[PDB]
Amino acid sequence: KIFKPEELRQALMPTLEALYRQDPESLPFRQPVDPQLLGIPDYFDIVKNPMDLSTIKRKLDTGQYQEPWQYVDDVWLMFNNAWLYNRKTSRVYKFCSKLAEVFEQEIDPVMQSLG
């Protein structure tokens, strides 16, 4: 169908807020990765399309998603970047796995409502 920007914001923003509410797990995802500040200068050699919660929020607020699946794609891009870059024993990797569980749980009923 056609999804209006405010329809997408009302339906999808609560799912993003559910991720933001996760502490400690969302903290590494609340702002774009800053490789120099974090001391990980190889980051952009591995992650070609960075994504984080604040960028997704901005895209929702500025109507940059036409379809719900584009929002889901960006959330999963954020997750896949973190699993790609970080080691499986690291905080960010395990935090990512927790956020993916939370997101799966929240997005399902919302997608049912948007159908």
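Position 1 is the first residue in the sequence shown; the rest follow in order. We call the rigid core the largest set of C-alpha positions that still match within 1.5 Å between the two forms.
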Once the rigid core is matched, which of the two stretches, 76 to 84 or 32 to 40, lies farther off on average in 7 other deposited structures of this protein by C-alpha? 32 to 40
Compare the mean C-alpha B-factor of 66 to 74 with that of 39 to 47 as given in the PDB entry, and name the stretch with the higher value. 39 to 47
Of the two stretches 53 to 61 and 29 to 37, which shows the higher Cα B-factor on average in the entry? 29 to 37
Residue 9's Cα B-factor: lowest, middle or highest third of the chain? middle
